[PDB]
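Source file: upload-v4.cif; contents: mmCIF, C-alpha atoms.
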data_final
loop_
_atom_site.label_atom_id
_atom_site.label_comp_id
_atom_site.auth_asym_id
_atom_site.auth_seq_id
_atom_site.Cartn_x
_atom_site.Cartn_y
_atom_site.Cartn_z
CA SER F 1 133.64 23.68 69.92
CA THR F 2 133.37 27.44 69.47
CA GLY F 3 134.61 30.61 71.13
CA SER F 4 133.32 34.20 71.17
CA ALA F 5 135.13 37.20 72.68
CA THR F 6 134.54 40.92 72.62
CA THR F 7 137.30 43.10 71.23
CA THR F 8 137.57 46.71 72.40
CA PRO F 9 139.41 49.70 70.94
CA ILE F 10 142.35 50.83 73.11
CA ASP F 11 141.65 54.51 72.58
CA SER F 12 139.31 57.01 70.93
CA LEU F 13 141.02 56.63 67.53
CA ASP F 14 140.73 52.82 67.28
CA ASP F 15 144.55 52.62 67.15
CA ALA F 16 144.28 48.94 68.06
CA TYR F 17 141.88 46.48 69.63
CA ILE F 18 142.32 44.33 72.75
CA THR F 19 140.63 41.04 73.53
CA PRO F 20 140.73 39.31 76.92
CA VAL F 21 142.57 35.96 76.98
CA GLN F 22 142.77 33.50 79.87
CA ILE F 23 146.24 31.98 80.35
CA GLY F 24 147.18 29.33 82.88
CA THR F 25 145.65 27.69 85.92
CA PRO F 26 144.14 29.48 87.76
CA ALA F 27 143.40 31.81 84.86
CA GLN F 28 145.49 34.91 84.38
CA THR F 29 143.56 37.25 82.11
CA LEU F 30 145.62 39.42 79.76
CA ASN F 31 144.34 41.82 77.12
CA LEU F 32 145.95 40.84 73.83
CA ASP F 33 146.11 42.41 70.39
CA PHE F 34 144.76 39.79 67.97
CA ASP F 35 146.96 40.11 64.92
CA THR F 36 146.14 38.34 61.65
CA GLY F 37 149.47 39.64 60.31
CA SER F 38 151.73 37.65 62.64
CA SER F 39 151.90 34.22 64.22
CA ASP F 40 153.34 34.53 67.72
CA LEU F 41 151.32 34.59 70.95
CA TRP F 42 153.56 36.60 73.26
CA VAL F 43 152.93 38.28 76.58
CA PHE F 44 154.37 40.73 79.06
CA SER F 45 155.48 38.51 81.92
CA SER F 46 157.27 38.20 85.23
CA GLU F 47 160.42 37.73 83.13
CA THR F 48 160.12 41.06 81.29
CA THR F 49 162.87 43.57 82.09
CA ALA F 50 161.32 45.66 84.87
CA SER F 51 162.11 49.05 83.30
CA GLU F 52 160.27 47.91 80.15
CA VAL F 53 156.99 47.23 81.96
CA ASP F 54 154.75 50.28 82.51
CA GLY F 55 151.18 49.42 83.50
CA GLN F 56 150.68 46.18 81.59
CA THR F 57 149.25 43.08 83.17
CA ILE F 58 151.86 40.33 83.28
CA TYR F 59 151.75 36.56 82.96
CA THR F 60 153.58 34.83 85.80
CA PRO F 61 154.19 31.23 84.75
CA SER F 62 155.40 30.18 88.21
CA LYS F 63 151.84 30.81 89.50
CA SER F 64 150.27 28.57 86.85
CA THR F 65 150.05 24.88 87.70
CA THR F 66 149.73 23.99 84.01
CA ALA F 67 152.72 26.05 82.78
CA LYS F 68 155.74 24.14 81.50
CA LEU F 69 158.98 25.66 80.23
CA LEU F 70 159.56 24.64 76.62
CA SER F 71 163.19 23.75 77.14
CA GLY F 72 165.67 25.54 74.89
CA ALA F 73 163.07 27.51 72.98
CA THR F 74 163.46 31.22 72.30
CA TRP F 75 161.67 33.74 70.12
CA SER F 76 162.34 37.16 68.63
CA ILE F 77 160.09 39.18 66.38
CA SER F 78 160.24 42.50 64.57
CA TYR F 79 157.08 44.11 63.25
CA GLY F 80 156.38 46.28 60.21
CA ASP F 81 156.15 49.37 62.39
CA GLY F 82 159.68 48.89 63.73
CA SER F 83 158.66 47.51 67.12
CA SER F 84 160.09 44.24 68.50
CA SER F 85 160.14 41.79 71.39
CA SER F 86 161.87 38.57 72.42
CA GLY F 87 162.14 35.96 75.16
CA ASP F 88 161.57 32.33 76.06
CA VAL F 89 158.62 29.98 75.83
CA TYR F 90 156.17 28.11 78.01
CA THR F 91 153.32 25.83 77.10
CA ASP F 92 150.09 26.44 79.01
CA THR F 93 146.32 26.41 78.74
CA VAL F 94 144.91 29.34 76.80
CA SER F 95 141.22 30.15 76.45
CA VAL F 96 139.52 32.77 74.28
CA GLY F 97 135.84 33.44 74.75
CA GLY F 98 135.16 29.94 76.08
CA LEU F 99 137.38 28.07 73.60
CA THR F 100 140.26 26.28 75.29
CA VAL F 101 143.57 25.05 73.89
CA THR F 102 145.90 22.99 76.04
CA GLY F 103 149.63 23.01 75.33
CA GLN F 104 149.58 26.38 73.59
CA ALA F 105 152.98 28.02 73.17
CA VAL F 106 152.93 31.18 75.29
CA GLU F 107 155.97 33.26 74.43
CA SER F 108 157.15 35.11 77.49
CA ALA F 109 158.84 38.46 76.81
CA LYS F 110 162.21 39.11 78.35
CA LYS F 111 162.59 42.29 76.27
CA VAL F 112 160.12 44.58 74.51
CA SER F 113 160.76 47.74 72.49
CA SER F 114 159.72 51.19 73.67
CA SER F 115 156.51 51.21 71.60
CA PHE F 116 155.20 48.27 73.62
CA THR F 117 156.31 49.63 77.00
CA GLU F 118 154.61 52.94 76.24
CA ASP F 119 151.27 51.29 75.49
CA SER F 120 149.89 50.30 78.89
CA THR F 121 146.71 48.86 77.37
CA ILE F 122 148.29 46.02 75.36
CA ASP F 123 149.55 43.04 77.40
CA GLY F 124 150.82 41.14 74.36
CA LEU F 125 149.90 39.83 70.92
CA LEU F 126 147.95 36.80 69.74
CA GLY F 127 148.98 35.95 66.20
CA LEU F 128 146.44 34.62 63.73
CA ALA F 129 148.43 34.48 60.47
CA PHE F 130 149.82 31.14 59.30
CA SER F 131 152.07 29.14 61.62
CA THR F 132 154.88 29.19 59.06
CA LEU F 133 155.65 32.74 60.32
CA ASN F 134 156.02 31.71 63.96
CA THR F 135 159.44 32.79 65.26
CA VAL F 136 160.06 30.16 67.97
CA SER F 137 163.42 28.47 67.60
CA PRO F 138 164.59 25.73 67.24
CA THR F 139 161.09 24.21 67.05
CA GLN F 140 158.49 26.42 65.40
CA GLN F 141 155.19 26.56 67.25
CA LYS F 142 151.57 26.68 66.15
CA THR F 143 149.13 29.56 66.51
CA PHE F 144 146.12 29.38 68.81
CA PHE F 145 143.84 29.00 65.76
CA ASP F 146 146.00 26.23 64.30
CA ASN F 147 145.89 24.33 67.61
CA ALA F 148 142.13 24.84 68.01
CA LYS F 149 141.16 24.12 64.40
CA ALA F 150 140.52 20.39 64.55
CA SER F 151 138.17 20.84 67.53
CA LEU F 152 136.19 23.73 66.05
CA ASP F 153 132.71 23.16 64.62
CA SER F 154 134.01 24.77 61.43
CA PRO F 155 137.69 25.65 60.77
CA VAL F 156 137.15 29.41 60.72
CA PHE F 157 137.41 32.55 62.75
CA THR F 158 135.72 35.88 62.12
CA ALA F 159 136.70 39.47 62.81
CA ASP F 160 133.95 42.03 63.40
CA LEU F 161 135.78 45.18 64.46
CA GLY F 162 133.83 48.20 65.59
CA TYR F 163 134.17 51.83 64.65
CA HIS F 164 134.70 53.68 67.90
CA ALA F 165 132.93 50.75 69.55
CA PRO F 166 133.46 47.18 70.68
CA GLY F 167 133.27 44.26 68.30
CA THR F 168 133.73 40.51 68.25
CA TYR F 169 136.14 37.71 67.40
CA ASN F 170 134.38 34.37 66.89
CA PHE F 171 136.05 30.99 66.51
CA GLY F 172 134.45 28.00 64.88
CA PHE F 173 131.22 29.51 63.55
CA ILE F 174 129.80 32.26 61.38
CA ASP F 175 127.23 34.48 63.13
CA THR F 176 124.69 35.04 60.38
CA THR F 177 123.07 37.88 62.37
CA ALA F 178 126.28 39.92 62.36
CA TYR F 179 126.28 41.06 58.72
CA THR F 180 123.96 42.19 55.96
CA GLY F 181 123.55 40.63 52.55
CA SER F 182 125.91 37.82 51.58
CA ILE F 183 129.51 36.97 52.35
CA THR F 184 131.71 37.12 49.26
CA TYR F 185 134.63 34.74 49.36
CA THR F 186 137.93 35.35 47.64
CA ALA F 187 141.12 33.33 47.12
CA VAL F 188 144.05 33.43 49.55
CA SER F 189 147.73 32.88 48.94
CA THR F 190 149.59 31.55 51.96
CA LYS F 191 152.98 31.77 50.20
CA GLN F 192 154.18 34.65 52.44
CA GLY F 193 152.47 33.33 55.56
CA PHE F 194 149.73 35.99 55.46
CA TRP F 195 146.02 36.13 54.68
CA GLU F 196 146.96 37.52 51.27
CA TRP F 197 144.26 38.22 48.71
CA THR F 198 143.54 40.38 45.65
CA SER F 199 141.00 43.17 45.74
CA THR F 200 139.26 43.87 42.45
CA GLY F 201 139.44 47.66 42.63
CA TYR F 202 138.34 50.83 44.34
CA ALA F 203 136.21 53.95 44.25
CA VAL F 204 136.62 57.34 45.96
CA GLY F 205 133.43 58.82 47.35
CA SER F 206 130.64 58.74 44.77
CA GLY F 207 133.16 58.28 41.96
CA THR F 208 133.22 55.52 39.41
CA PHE F 209 134.71 52.19 40.35
CA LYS F 210 138.20 51.50 38.99
CA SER F 211 138.74 47.84 38.17
CA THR F 212 142.30 46.98 39.09
CA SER F 213 143.93 44.13 40.98
CA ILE F 214 145.35 45.11 44.37
CA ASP F 215 147.22 42.32 46.14
CA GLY F 216 147.36 42.79 49.90
CA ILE F 217 146.96 41.27 53.35
CA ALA F 218 144.06 41.24 55.76
CA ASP F 219 145.82 42.43 58.90
CA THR F 220 143.91 43.15 62.10
CA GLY F 221 147.16 44.19 63.78
CA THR F 222 147.74 47.16 61.50
CA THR F 223 145.71 50.33 62.21
CA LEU F 224 145.52 51.93 58.79
CA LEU F 225 144.85 51.07 55.15
CA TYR F 226 148.05 51.01 53.10
CA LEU F 227 147.59 51.00 49.33
CA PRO F 228 149.58 51.85 46.20
CA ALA F 229 150.63 55.48 45.81
CA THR F 230 148.42 55.93 42.73
CA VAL F 231 145.31 54.88 44.66
CA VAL F 232 146.18 56.94 47.72
CA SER F 233 146.87 60.04 45.62
CA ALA F 234 143.50 59.66 43.91
CA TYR F 235 141.78 59.53 47.31
CA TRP F 236 143.47 62.53 48.91
CA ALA F 237 143.07 64.61 45.75
CA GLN F 238 139.36 64.74 46.68
CA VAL F 239 140.11 66.43 50.01
CA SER F 240 140.85 70.17 49.78
CA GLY F 241 144.12 70.98 51.43
CA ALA F 242 145.29 67.39 51.84
CA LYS F 243 148.97 66.77 51.25
CA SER F 244 151.68 64.24 51.82
CA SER F 245 154.00 65.42 54.58
CA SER F 246 157.44 63.82 54.86
CA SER F 247 157.93 65.50 58.25
CA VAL F 248 154.77 63.95 59.63
CA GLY F 249 155.18 60.67 57.74
CA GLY F 250 152.16 60.52 55.48
CA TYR F 251 149.07 62.24 54.19
CA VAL F 252 147.58 64.90 56.41
CA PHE F 253 144.43 66.95 55.86
CA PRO F 254 142.68 69.96 57.39
CA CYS F 255 140.71 68.83 60.40
CA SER F 256 137.84 71.00 59.08
CA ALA F 257 137.40 68.68 56.08
CA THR F 258 134.61 66.23 55.44
CA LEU F 259 136.28 63.08 54.16
CA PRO F 260 134.86 61.07 51.25
CA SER F 261 134.22 57.36 51.59
CA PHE F 262 136.51 54.76 50.07
CA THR F 263 135.18 51.60 48.44
CA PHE F 264 137.21 48.44 47.83
CA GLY F 265 136.23 45.46 45.70
CA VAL F 266 135.91 41.87 46.85
CA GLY F 267 135.11 39.97 43.70
CA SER F 268 131.98 41.60 42.29
CA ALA F 269 131.06 42.85 45.78
CA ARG F 270 131.94 46.21 47.31
CA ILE F 271 132.86 47.27 50.84
CA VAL F 272 132.35 50.95 51.67
CA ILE F 273 134.61 52.60 54.26
CA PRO F 274 132.80 55.72 55.51
CA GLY F 275 134.86 58.90 55.39
CA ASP F 276 134.79 59.24 59.15
CA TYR F 277 136.73 55.94 59.50
CA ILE F 278 139.61 57.61 57.65
CA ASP F 279 140.06 60.42 60.24
CA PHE F 280 142.85 59.73 62.76
CA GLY F 281 142.71 63.17 64.35
CA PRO F 282 145.20 65.93 65.08
CA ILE F 283 148.84 65.09 64.31
CA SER F 284 149.68 66.55 67.72
CA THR F 285 147.44 67.81 70.51
CA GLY F 286 145.73 71.04 69.50
CA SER F 287 146.77 70.90 65.84
CA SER F 288 144.33 71.61 63.03
CA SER F 289 146.23 69.20 60.79
CA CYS F 290 144.73 65.71 60.95
CA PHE F 291 146.36 62.38 60.08
CA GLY F 292 144.86 60.33 57.28
CA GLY F 293 143.73 56.74 57.59
CA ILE F 294 144.66 55.79 54.05
CA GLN F 295 148.40 55.91 53.41
CA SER F 296 150.84 54.78 50.73
CA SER F 297 152.33 51.29 50.91
CA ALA F 298 155.25 52.35 48.74
CA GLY F 299 158.36 51.23 50.58
CA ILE F 300 156.49 48.76 52.82
CA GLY F 301 156.64 46.20 50.04
CA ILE F 302 153.07 45.01 50.55
CA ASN F 303 149.57 46.49 50.57
CA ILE F 304 147.83 46.18 53.94
CA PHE F 305 144.09 46.03 54.53
CA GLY F 306 144.36 47.07 58.16
CA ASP F 307 141.68 47.99 60.68
CA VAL F 308 140.43 51.02 58.69
CA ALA F 309 139.30 48.61 55.95
CA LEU F 310 138.43 45.55 58.04
CA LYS F 311 136.20 47.40 60.50
CA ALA F 312 133.91 48.32 57.57
CA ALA F 313 133.19 44.60 57.09
CA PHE F 314 132.41 41.30 58.68
CA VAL F 315 135.47 39.24 57.77
CA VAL F 316 135.73 35.46 57.60
CA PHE F 317 139.14 33.89 57.93
CA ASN F 318 138.49 30.43 56.50
CA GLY F 319 141.15 27.95 57.54
CA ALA F 320 139.93 25.04 55.46
CA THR F 321 142.51 22.91 53.64
CA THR F 322 142.51 25.61 50.97
CA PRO F 323 142.11 28.84 52.94
CA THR F 324 139.89 31.66 51.70
CA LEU F 325 138.73 35.07 52.97
CA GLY F 326 135.13 36.23 53.14
CA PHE F 327 133.82 39.81 53.34
CA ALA F 328 130.31 41.05 54.03
CA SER F 329 128.89 44.49 54.66
CA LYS F 330 127.36 45.04 58.08
#

Could you express the structure from this file as structure tokens?
Amino acid sequence: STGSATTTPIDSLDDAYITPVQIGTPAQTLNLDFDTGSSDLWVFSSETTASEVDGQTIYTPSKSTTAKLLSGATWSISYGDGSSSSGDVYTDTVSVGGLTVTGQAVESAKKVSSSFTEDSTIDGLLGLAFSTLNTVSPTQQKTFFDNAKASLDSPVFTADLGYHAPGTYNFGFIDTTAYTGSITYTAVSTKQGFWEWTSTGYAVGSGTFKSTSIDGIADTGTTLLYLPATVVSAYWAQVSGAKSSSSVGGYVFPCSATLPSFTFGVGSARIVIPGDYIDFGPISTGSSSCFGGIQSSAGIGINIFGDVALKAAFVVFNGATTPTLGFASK
């Protein structure tokens, strides 16, 4: 089997991407944030504290004839950005772009943090990291990909995120018309539960390539590109007026600037992030100070190849017995 779904930016800055997901019988369609950095499929629901729901579409398990309470199971997750959610668990039928899993754990939110409430466009998350990170207790549950894998034509999914435009998540096949040149594959460590890999270096604009190992995660659920302070300083040094602002919480730059591109290495291959992808606009409405899309990972504890990097590539998440990651230009 295969599946193919369009993923759409939630706003004009590509702050996140939503993908429609059918849950239950009859289908209830929710727009979920596909997140290769976590492993829980959780939704706003009829059980969510009413004051914490503000415009989201909810899953109502009582209206699904295939929903079953997973007795005794609870979940609770905290994300790298400080947001969180928790609740109980149902199993139900979940389909993504024509690909159907029966008995998928659907984690129903009883509580969500303010960040989630305030984002009316995201109805929940669909985790695509390794199932070892799944938070369901006392019986850990499998991700949608893990459950689908055996049935897929090939045990892979691909992320093709757009810049200010829709893109695609495919399951079970590689669309050879969706990228240019070849896909370069690189080793993955699953030791921390993530799609963790080592980039071979970077360049800033038309500068020379610096060969240096950068260990980090491919994370569709993180907006920006978080890299070591040395790398980030080298980038922003090429932008007149750019500075790190503690009050704002990262590098800012004059909105009048033209940003240089940033290249990262995948083996001997190179992915070029155009400068425009690195512009996240005014820090506040009407400001001429703009927020940068490349930020330091110092104090996160891990480097994160988030959407800013991934949307410059066609990315293969290969879930073979020994997982690997593939990157192509597009």

Hey, can you check how far atom CA of residue 137 of chain F sits from atom CA of residue 119 of chain F? 27.0 Å

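Taken over the whole file, the PyMOL selection byres ((chain F and resi 84) around 9) covers exactly residues 76, 77, 78, 79, 81, 82, 83, 85, 86, 111, 112, 113, 114, 115 and 116 of chain F.
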
Got a sec to resolve the PyMOL selection byres ((chain F and resi 228) around 8) on this structure and send the residues as number ranges by chain? F: 226-227, 229-232, 296-298, 303

Go ahead and save the residues from that selection, with C-alpha atoms, as a PDB file, in the coordinates of the input.
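And here is the file that came out, result_18.pdb:
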ATOM      1  CA  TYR F 226     148.050  51.010  53.100  1.00  0.00           C
ATOM      2  CA  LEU F 227     147.590  51.000  49.330  1.00  0.00           C
ATOM      3  CA  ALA F 229     150.630  55.480  45.810  1.00  0.00           C
ATOM      4  CA  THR F 230     148.420  55.930  42.730  1.00  0.00           C
ATOM      5  CA  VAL F 231     145.310  54.880  44.660  1.00  0.00           C
ATOM      6  CA  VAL F 232     146.180  56.940  47.720  1.00  0.00           C
ATOM      7  CA  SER F 296     150.840  54.780  50.730  1.00  0.00           C
ATOM      8  CA  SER F 297     152.330  51.290  50.910  1.00  0.00           C
ATOM      9  CA  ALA F 298     155.250  52.350  48.740  1.00  0.00           C
ATOM     10  CA  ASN F 303     149.570  46.490  50.570  1.00  0.00           C
TER      11      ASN F 303
END

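Note that atom CA of residue 109 of chain F and atom CA of residue 60 of chain F are 11.0 Å apart.
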
For the file shown, what are the residues hit by the PyMOL selection byres ((chain F and resi 174) around 10), laid out as a PyMOL selection string? chain F and resi 154+156-158+170-173+175-179+314-316

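Within the 10 Å cut-off around residue 317 of chain F, using all atoms listed in the file and omitting residues fewer than 2 positions from it on the same chain, the listed residues are residues 36, 128, 129, 155, 156, 157, 158, 159, 171, 185, 188, 195, 218, 315, 319, 320, 323, 324, 325, 326 and 327 of chain F.
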
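Candidate residues F:311, F:210, F:164, F:191 were compared for distance to residue 9 of chain F, and the nearest is F:164, using only C-alpha atoms.
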
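Ranking F:260, F:20, F:282, F:267 by their shortest atom-to-atom distance to residue 122 of chain F, with only C-alpha atoms included, puts F:20 first.
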
Between F:269, F:294, F:204, F:313, which one has atoms that come closest to residue 184 of chain F, using only C-alpha atoms? F:269

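Distance annotation: of F:203, F:187, F:150, F:161, the residue with the minimal separation from residue 310 of chain F is F:161; atom set is only C-alpha atoms.
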
Taking all atoms listed in the file into account, name the residue in F:312, F:290, F:67, F:21 that is nearest to residue 243 of chain F. F:290

Taking only C-alpha atoms into account, which of F:46, F:168, F:104, F:139 comes nearest residue 19 of chain F? F:168

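One finds atom CA of residue 200 of chain F at 7.6 Å from atom CA of residue 268 of chain F.
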
In the coordinate frame of the file, compute which residues have an atom within 9 Å of (159.9, 28.6, 75.3) when using all atoms listed in the file, and state them as JSON, numbers by chain. {"F": [68, 69, 70, 71, 72, 73, 74, 75, 87, 88, 89, 90, 91, 105, 106, 107, 108, 136, 137]}
